[PDB]
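Notes follow once the structure below has been shown.
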Amino acid sequence: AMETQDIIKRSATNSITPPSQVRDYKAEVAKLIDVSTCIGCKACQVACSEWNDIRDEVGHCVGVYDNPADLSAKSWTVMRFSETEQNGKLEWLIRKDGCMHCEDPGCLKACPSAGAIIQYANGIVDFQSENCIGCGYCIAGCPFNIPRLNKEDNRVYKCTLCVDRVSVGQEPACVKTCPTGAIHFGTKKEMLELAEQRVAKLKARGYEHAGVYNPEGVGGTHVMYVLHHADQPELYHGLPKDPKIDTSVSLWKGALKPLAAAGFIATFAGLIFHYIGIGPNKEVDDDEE
Amino acid sequence: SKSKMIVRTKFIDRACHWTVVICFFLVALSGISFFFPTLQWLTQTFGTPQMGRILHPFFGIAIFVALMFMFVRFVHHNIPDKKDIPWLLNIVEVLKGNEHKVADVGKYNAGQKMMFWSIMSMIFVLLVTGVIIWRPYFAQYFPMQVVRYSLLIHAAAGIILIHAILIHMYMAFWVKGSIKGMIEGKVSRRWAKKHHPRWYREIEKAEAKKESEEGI
Amino acid sequence: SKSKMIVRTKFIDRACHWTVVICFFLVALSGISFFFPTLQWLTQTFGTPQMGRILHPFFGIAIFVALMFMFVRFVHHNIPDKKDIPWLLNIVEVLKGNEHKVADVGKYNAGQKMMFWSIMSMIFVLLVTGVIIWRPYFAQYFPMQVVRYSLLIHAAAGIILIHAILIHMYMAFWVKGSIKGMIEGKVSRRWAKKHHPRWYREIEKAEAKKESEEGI
Ligand code: HEM
Ligand code: HEM
Ligand code: HEM
Ligand code: HEM
Ligand code: SF4
Ligand code: SF4
Ligand code: SF4
Ligand code: SF4
């Protein structure tokens with residue numbers, strides 16, 4: 001572990017013993033998914049599985065184009081389809097779903113196993129499986145419901161932002177494959193620029209609420225979207241509006257720990273000083289004099 | 001009053017108790033290892049961290065089952081009554097080893113009764129929240145929000161119960177003669193007179209009386 | 001002479017002592033983990049090796065502060081005097097449990113006094129060399145050569161103090177009745193007569209005399 005010496009966050013690691021991160025002068029990268037240019041071809045699902053050496057089961061059709069129906073340990077990205085008339089005419093909104101590579105990841109914050117989840121200087125959040133204990137805390141800590149457990153090895157898996165390709169200078173497999181160029185990749189700074197240019201074009205076409213989805217509640221994401229209707233992200237098969245780490249999780253992983261620590265220390269002190277101060281309670285402390 | 005000891009705890013309740021204690025050691029330590037990851041050594045409570053994740057909940061269930069057997073056998077002796085107030089008011093005096101002077105103590109005192117209900121309530125809370133956060137078997141059926149609350153509550157309940165047990169062990173170590181009674185089952189009449197007056201008075205009467213009832 | 005026990009140690013000096021012992025356990029074990037890296041388990045004394053590196057010196061400082069409180073309260077009773085020679089000459093006889101026959105023992109014997117100064121001198125050496133080798137706070141101000149000598153000396157001093165404490169614990173375990181006096185504060189008059197003649201004679205006189213001075 002830590003061979004790259006650019007680990008800026010590490011799960012279950014005390015704040016006063018930070019992970020190796022001297023090689024942190026690197027530009028943050030990002031994937032930009034422009035749903036207004038997506039044709040729902042699923043090429044990204046196929047390219048992802050092919051590159052990553054994984055295959056999900058052959059499922060069933062239950063009335064919709066969506067398939068697989070959900071992310072799983074063997075499907076790291078899935079296209080989600082939504083038909084709606086909420087905006088005045090029939091629209092088919094199609095969105096690629098998978099890890100958002102949050103700047104402040106809830107999965108990492110909730111994880112109880114040291115080093116099971118890490119965040120690289122470039123923004124990629126990845127699972128170091130040797131340390132995963134299969135507790136599933138990360139599934140609840142994630143504001144986007146992304147981590148998935150593999151029944152065959154009790155470990156979670158998800159989109160790695162093709163860390164094995166990016167680490168040596170190549171863009172992710174899904175990015176490269178996208179037929180229409182709905183998916184873009186590069187430094188986050190220039191992806192934000194491309195996103196704003198696209199939003200301007202959508203507004204010029206009549207989408208007054210077009211916008212970039214890069215949620216401040218999780219510190220921004222390294223997988224962002226350009227949405228025709230940024231005022232209604234739920235329309236895109238439940239994309240959360242203003243996502244953030246849940247308050248109960250923040251308290252549980254935050255203040256509860258040192259509070260409990262103080263109680264324990266204080267209790268031990270009290271009991272110890274108590275025994276010593278007063279002495280045992282035996283049958284006769286009186287005939288001892 | 002002509003015997004060194006009097007039976008305070010039956011074998012069945014002694015066997016159970018020490019079974020709970022052993023299971024609790026493993027469950028509490030594994031739980032603490034997830035709570036305070038810096039204490040790495042505790043990740044080997046069940047051998048490996050991966051194994052501990054699996055076994056913690058199973059041993060937890062066992063503790064609950066055993067505590068329910070304890071509940072139905074001890075609850076009637078742990079019922080709060082007006083006679084418990086005296087205790088609750090001279091706590092500072094009881095901690096200095098002067099309880100007899102200040103209270104009416106039956107089978108189990110007012111502190112033991114509070115501990116009993118605390119322990120019994122927490123294991124119920126831990127059972128419910130534990131099942132809810134249990135992967136791969138049960139967490140899937142619950143709304144994510146419920147799972148999140150359960151993660152917070154379970155951690156909190158687990159910590160509260162561990163504090164409680166620390167205090168419960170201390171007291172047991174403090175009011176000397178107590179551990180032997182839980183291991184062997186017998187308490188000396190003087191221990192009964194000092195720490196549990198009313199209680200021994202009752203055995204003494206039940207005793208003598210029914211033997212006087214026989215018709216010597 | 002009509003009491004089972006006599007007070008040998010005040011609560012304040014008992015509280016301090018056991019605070020030092022707990023801190024020492026952590027500091028000695030963490031120190032040993034750096035000294036003998038093969039004993040990997042000890043790298044988890046403070047949870048993780050990284051944490052142990054940080055905390056060792058802080059707990060070390062706490063031990064020194066506490067030992068200085070002990071120094072000003074016990075030093076006057078640990079002063080070497082001509083009466084200590086007898087002890088020093090029949091060491092072999094003292095170790096066989098026959099000290100009374102061979103020496104004049106006051107409050108603390110000649111061995112305890114040697115241990116006291118050894119312990120007090122070593123903690124001073126450890127404090128000074130410890131500060132010198134302390135990164136990131138202090139080592140920067142010292143010439144590399146001084147840091148190097150301090151690394152050698154600190155390791156040596158730490159080992160010497162640990163040996164000393166091993167012997168100090170053993171003796172405490174060996175001269176039976178001693179640990180209770182440090183936990184509860186009282187020693188039985190017979191324990192005083194056998195292991196510390198002169199000392200109890202003095203309390204006995206101070207006692208009786210001032211009570212005889214009152215004017216019963
Ligand atoms: C009543 C039966 C119980 C069940 C079903 C249960 C189940 C669980 C589960 C599923 C977890 C998450 C990790 C894992 O999968 O191993 C957990 C964590 C935990 N449990 Fe339990 N448990 C039970 C009893 C207890 C008890 C009696 C205690 C206290 C001694 C306890 C203390 C803890 C703690 C401290 C944690 C970790 C929370 C954190 O990471 O902050 N549990 N338990
Ligand atoms: C090593 C640790 C422990 C020791 C030394 C210990 C000792 C004792 C003793 C001596 C008694 C009976 C005292 C009397 O006769 O008045 C007792 C009762 C009891 N213990 Fe423990 N115990 C320990 C751990 C636990 C744990 C882990 C639990 C459950 C989480 C537990 C639950 C109980 C209960 C329910 C009672 C009956 C009290 C009542 O009915 O009020 N004990 N224990
Ligand atoms: C008086 C206060 C003390 C201070 C400021 C102090 C400081 C230090 C420092 C800074 C180190 C280097 C490693 C690290 O940064 O954790 C160290 C190592 C060590 N200390 Fe201390 N220490 C103190 C007391 C003690 C005591 C009382 C003992 C004996 C129980 C001890 C035994 C050791 C040992 C054996 C080592 C490692 C040397 C090696 O690697 O061979 N220290 N100490
Ligand atoms: C578990 C280990 C220890 C035990 C059982 C223990 C026990 C004792 C006892 C029973 C006494 C008093 C004996 C008497 O009344 O004559 C004593 C005194 C003392 N102990 Fe410890 N001790 C331990 C560890 C330590 C440590 C780690 C230190 C400091 C590094 C320490 C420093 C002292 C000092 C300074 C005295 C006073 C002696 C004098 O004034 O000559 N002890 N200890
Ligand atoms: S490959 Fe591109 S166009 Fe095709 S479904 Fe995925 S994001 Fe949409
Ligand atoms: S989307 Fe979820 S799994 Fe991905 S980085 Fe964010 S919190 Fe973690
Ligand atoms: S399942 Fe998630 S939370 Fe649990 S150890 Fe593995 S990565 Fe961490
Ligand atoms: S970035 Fe890589 S791991 Fe992530 S969805 Fe695309 S192809 Fe799969």
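All residue names refer to the structure tokens as shown: chains lettered A, B, ... in order, residues numbered from 1 in each chain, ligands numbered from 1 in order.
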
Mind listing as an NGL selection string which residues of chain A are within 9 Å of chain B, counting only C-alpha atoms? :A and (12-14 or 111-114 or 131-137 or 139-141 or 145 or 149 or 151 or 154 or 246 or 248-249 or 251-253 or 256-257 or 260-261 or 263-264 or 267-268 or 271 or 274-275 or 278-284)

File of the preceding selection, C-alpha atoms, as a short mmCIF file (atom, residue, chain, number, x, y, z; two decimals), in the first residue's frame:
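What follows is the written file selection.cif:
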data_model
loop_
_atom_site.label_atom_id
_atom_site.label_comp_id
_atom_site.auth_asym_id
_atom_site.auth_seq_id
_atom_site.Cartn_x
_atom_site.Cartn_y
_atom_site.Cartn_z
CA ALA A 12 -10.52 4.39 9.41
CA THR A 13 -7.26 6.29 9.89
CA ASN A 14 -6.75 8.69 12.79
CA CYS A 111 -15.85 2.60 6.52
CA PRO A 112 -14.48 0.98 9.74
CA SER A 113 -11.54 -0.88 8.16
CA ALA A 114 -8.19 0.91 7.88
CA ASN A 131 -8.64 -4.59 3.67
CA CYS A 132 -12.38 -4.94 3.07
CA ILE A 133 -14.27 -6.88 5.75
CA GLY A 134 -17.67 -6.83 4.02
CA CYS A 135 -19.57 -4.91 6.72
CA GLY A 136 -21.42 -2.80 4.17
CA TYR A 137 -21.17 0.46 6.12
CA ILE A 139 -23.40 1.37 1.24
CA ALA A 140 -25.27 3.48 3.81
CA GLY A 141 -22.59 6.16 3.97
CA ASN A 145 -26.24 4.29 -3.21
CA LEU A 149 -21.15 -6.45 -2.22
CA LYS A 151 -21.43 -12.59 -2.54
CA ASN A 154 -17.67 -10.60 0.80
CA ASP A 246 -26.39 11.98 6.11
CA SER A 248 -26.86 10.49 11.40
CA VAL A 249 -23.75 9.09 9.71
CA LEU A 251 -22.65 12.14 14.07
CA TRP A 252 -22.01 8.41 14.35
CA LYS A 253 -18.59 8.59 12.68
CA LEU A 256 -19.85 9.97 19.07
CA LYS A 257 -16.35 8.48 18.97
CA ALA A 260 -17.35 7.59 24.01
CA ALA A 261 -13.58 7.77 24.39
CA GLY A 263 -16.55 8.37 28.91
CA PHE A 264 -14.41 5.25 28.83
CA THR A 267 -15.07 5.81 33.82
CA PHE A 268 -11.84 3.84 34.17
CA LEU A 271 -13.60 3.29 39.15
CA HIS A 274 -12.79 4.87 43.67
CA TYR A 275 -11.48 1.45 44.63
CA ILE A 278 -12.55 3.86 49.62
CA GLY A 279 -11.17 0.34 49.53
CA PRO A 280 -13.00 -3.00 49.25
CA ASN A 281 -16.43 -3.74 50.67
CA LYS A 282 -15.81 -6.95 52.59
CA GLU A 283 -17.98 -8.65 55.19
CA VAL A 284 -16.30 -6.90 58.18
#

Output the neighbourhood of ligand 2 as a VMD selection string, that is, all protein and nucleic acid residues with some atom at most 8 Å from the ligand, counting only C-alpha atoms and all ligand atoms. chain B and resid 8 to 9 17 to 18 20 to 25 63 67 70 to 71 74 to 75 77 to 78 107 to 109 112 to 116 119 to 120 123 161 165 to 166 168 to 170 172 to 173 178 to 183

Counting only C-alpha atoms, chain C residues within 9 Å of chain B, as number ranges by chain: C: 41, 44-48, 51

For the selection just defined, write its residues with C-alpha atoms to a file, as a PDB file, in the first residue's frame.
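What ended up in part33.pdb:
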ATOM      1  CA  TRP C  41       2.721  -7.200  18.752  1.00  0.00           C
ATOM      2  CA  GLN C  44       0.088  -1.925  18.825  1.00  0.00           C
ATOM      3  CA  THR C  45       0.544  -0.762  22.415  1.00  0.00           C
ATOM      4  CA  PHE C  46      -1.068   2.577  21.494  1.00  0.00           C
ATOM      5  CA  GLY C  47      -3.246   1.076  18.767  1.00  0.00           C
ATOM      6  CA  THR C  48      -0.994   1.508  15.717  1.00  0.00           C
ATOM      7  CA  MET C  51       0.190   6.391  16.983  1.00  0.00           C
TER       8      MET C  51
END

Taking only C-alpha atoms and all ligand atoms into account, which of A:75, A:160, A:197, A:128 comes nearest ligand 7?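 For ligand 7, the nearest of the given residues is A:128.
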
Return as a VMD selection string every polymer residue, whether protein, DNA or RNA, with at least one atom no more than 10 Å from an atom of ligand 6; count only C-alpha atoms and all ligand atoms. chain A and resid 97 to 110 117 to 119 123 to 127 138 to 148 156 to 161 218 220 to 223 244 to 245

Can you measure CA of residue 30 (chain B) to CA of residue 132 (chain B) for me? One decimal in Å is fine. 18.2 Å

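Around ligand 8, using only C-alpha atoms and all ligand atoms and a cut-off of 6 Å, the residues in contact are residues 48, 76, 77, 159, 160, 161, 162, 172, 173 and 174 of chain A.
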
Neighbours of residue 180 (chain A) within 8 Å (only C-alpha atoms; same-chain residues fewer than 3 positions away dropped), as a PyMOL selection string? chain A and resi 37-39+183

Go ahead and write the residues just picked, N, CA and C atoms, as a PDB file, in the first residue's frame.
ATOM      1  N   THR A  37     -26.783  14.621 -24.724  1.00  0.00           N
ATOM      2  CA  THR A  37     -26.173  14.083 -25.934  1.00  0.00           C
ATOM      3  C   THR A  37     -26.149  12.547 -25.886  1.00  0.00           C
ATOM      4  N   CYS A  38     -26.613  11.986 -24.772  1.00  0.00           N
ATOM      5  CA  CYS A  38     -26.664  10.532 -24.572  1.00  0.00           C
ATOM      6  C   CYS A  38     -27.799   9.886 -25.371  1.00  0.00           C
ATOM      7  N   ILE A  39     -27.499   8.776 -26.043  1.00  0.00           N
ATOM      8  CA  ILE A  39     -28.503   8.068 -26.836  1.00  0.00           C
ATOM      9  C   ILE A  39     -28.910   6.727 -26.216  1.00  0.00           C
ATOM     10  N   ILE A 183     -19.990  11.434 -23.157  1.00  0.00           N
ATOM     11  CA  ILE A 183     -19.034  11.352 -22.055  1.00  0.00           C
ATOM     12  C   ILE A 183     -17.723  12.011 -22.470  1.00  0.00           C
TER      13      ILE A 183
END

Give me, as a PDB file with C-alpha atoms, in the first residue's frame, the residues of region 7-211 of chain B that a backbone DSSP run labels strand (DSSP E).
ATOM      1  CA  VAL B   7     -27.469 -20.691  48.193  1.00  0.00           C
ATOM      2  CA  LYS B 186     -23.237 -19.864  47.795  1.00  0.00           C
ATOM      3  CA  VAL B 187     -23.058 -16.753  49.994  1.00  0.00           C
ATOM      4  CA  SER B 188     -22.146 -16.610  53.684  1.00  0.00           C
TER       5      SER B 188
END
